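Numbering (PDB author numbering), first residue to last: 1 to 282.
C-beta atoms are modelled at their ideal positions from N, C-alpha and C, and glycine is treated no differently.
Down below is the structure, laid out as structure tokens.
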Ligand SMILES: CN1C[C@@H]2CN3C(=O)CCN3[C@@H]2c2ccccc21
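Set out below in structure tokens:
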């Protein structure tokens with residue numbers, strides 16, 4: 001069923017809450033035993049948001065390999081994403097260790113550091129060229145190279161140095177700065193423009209490690225970003241673009257991380273984004 005007609009049918013009927021609860025009920029439940037170990041309590045932002053054991057990213061260290069991060073591997077679309085929480089004061093060094101070890105080119109940030117008057121993640125990147133950051137626990141140096149501030153997003157060039165080997169890599173920081181404190185954007189135009197800027201950078205392409213995507217919990221806004229990207233790629237690849245079933249793609253993604261798309265309004269916004277993005281391309 002063409003999703004645009006499914007969309008009008010749900011809107012006229014006002015059944016978004018009913019569709020969303022059906023997804024919550026059918027979603028996968030896998031163990032997260034490593035996330036719940038007492039040694040890892042200060043590595044988790046939210047007691048109810050944990051990576052499954054089968055899909056968690058492992059840090060390359062013998063001490064403690066744990067980070068709150070999952071690999072989402074989309075077999076038919078040939079895309080992979082790492083979805084992670086906003087870094088905490090005790091995990092900013094682990095975060096950049098993961099970017100280094102996974103060979104990521106891009107970090108996608110969909111929150112502000114402060115929202116609703118509370119801290120939603122650590123200030124984990126440098127704000128001035130001449131004031132670099134050193135992470136002593138993981139032996140990394142991070143330098144701000146350049147910053148391009150636009151109306152709806154900021155792009156940063158960062159230099160990450162492995163102090164152990166003196167190798168360096170260029171990391172691109174894509175910061176969507178205008179998601180509202182409450183609800184979802186009224187139009188998906190600026191979110192789709194942003195998605196197209198990340199794609200154009202190479203950050204989502206198979207010559208690099210998976211993109212790292214976060215918000216505060218790494219399931220809601222982060223879920224919307226990967227869901228819209230995969231659905232549009234499948235509409236490009238298949239003979240019948242009308243066969244793409246957004247609810248089935250979301251349930252496949254929830255095999256790899258719990259809770260992706262946190263509200264019925266985020267589910268409606270994801271449909272709007274895919275419908276408008278399809279027509280822009282097709
Ligand atoms: C270089 N650097 C940055 C890291 C990142 N970091 C946080 O985000 C919370 C505090 N802690 C560190 C810290 C502390 C004192 C002086 C310098 C630095």
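Pick out whichever of 20, 13, 14, 15 has its Cα sitting closest to the Cα of residue 246.
The shortest CA-to-CA distance from residue 246 to any of 20, 13, 14, 15 is the one to 20.
Counting Cβ pairs, one atom from each stretch, are 3 or more of them under 8 Å apart for the stretch 72-88 and the stretch 212-232?
Yes, since at least three Cβ pairs between the stretch 72-88 and the stretch 212-232 fall closer than 8 Å, the two stretches touch.
For residue 193, name the three-state secondary structure that DSSP assigns.
Residue state, collapsed to three classes: helix.
Where does residue 69 fall in DSSP's three states?
If DSSP states are grouped into helix, strand and coil, residue 69 belongs with the strands.
Is the separation between the beta-carbon of residue 139 and that of residue 164 shorter than 8 Å?
In this structure, residue 164 lies closer than 8 Å to residue 139 by Cβ.
Could you tell me which of 220, 206, 192 sits nearest to residue 275, measuring between CA atoms?
Comparing alpha carbon positions, the residue from 220, 206, 192 closest to residue 275 is 192.
Pairs of beta-carbons, one from the stretch 95-112 and one from the stretch 204-211, closer than 8 Å: are there three or more?
Taking a cut-off of 8 Å for Cβ pairs, the stretch 95-112 and the stretch 204-211 touch, as three or more such pairs fall below it.
Closer than 6 Å is what we want: which residues have a beta carbon that near any heavy atom of ligand 1? List them in chain order.
Going along the chain, the residues that qualify are 89, 92, 122, 123, 124, 133, 134.
Proximity below 8 Å, CB of residue 115 to CB of residue 141
The answer is no: Cβ separation not under 8 Å.
To the nearest angstrom, report how far apart residue 184 and residue 133 are at their CA atoms.
Rounded to the nearest angstrom, the gap between the Cα atoms of residue 184 and residue 133 is 33 Å.
Span of the alpha helix (DSSP H) holding residue 23?
Unbroken alpha helix (DSSP H) run through residue 23: 16-26.
May I ask you to list the residues that DSSP assigns as paired with residue 173?
Checking the DSSP bridge columns, you'll see residue 173 partnered with 107, 156.
With a threshold of 7 Å on Cβ separation, who are the neighbours of residue 10 within its own chain once the five nearest residues in sequence on each side are excluded?
The answer, listed in chain order, is 16, 19.
Inter-residue Cα distance where the pair is residue 8 and residue 127:
Distance between the alpha carbons of residue 8 and residue 127 is about 45 Å.
At a cut of 8 Å, does the stretch 84-91 reach the stretch 235-244 through at least three beta carbon pairs?
Under the 8 Å Cβ criterion, the stretch 84-91 does not count as touching the stretch 235-244, having fewer than three qualifying pairs.
Would you give the residue range spanned by the beta strand (DSSP E) that residue 149 belongs to?
Note, residue 149: beta strand (DSSP E), 140-149.
Please report the straight-line C-alpha distance between residue 256 and residue 250, rounded to a whole angstrom.
Our two residues, residue 256 and residue 250, have alpha carbons roughly 10 Å apart in a direct line.
Taking a contact to mean a Cβ-Cβ separation below 8 Å, would you say residue 30 touches residue 109 in this structure?
Cβ distance not < 8 Å, so residue 30 and residue 109 don't count as in contact.
Near residue 101, which residues of its chain fall below 6 Å by C-beta distance, leaving aside the five closest residues on each side in sequence?
For residue 101, where only same-chain residues beyond five positions count, the Cβ hits under 6 Å are 60.
Below 8 Å between beta carbons: does that hold for residue 158 and residue 125?
Yes. Within cutoff.
Nearest by alpha-carbon distance to residue 72: which of 24, 4, 152, 254 is it?
It is 254.
Extent of the continuous alpha helix (DSSP H) run through residue 268
Per DSSP, residue 268 is one residue of the alpha helix (DSSP H) stretching across 264-281.
Report yes if the CB atom of residue 190 is closer than 8 Å to the CB atom of residue 178, and no otherwise.
Yes, they are a contact pair.
Which residues in the same chain as residue 272 place their Cβ atom closer than 6 Å to its Cβ, once the five residues preceding and following it in sequence are excluded?
Cβ neighbours of residue 272 beyond the five flanking positions: 188.
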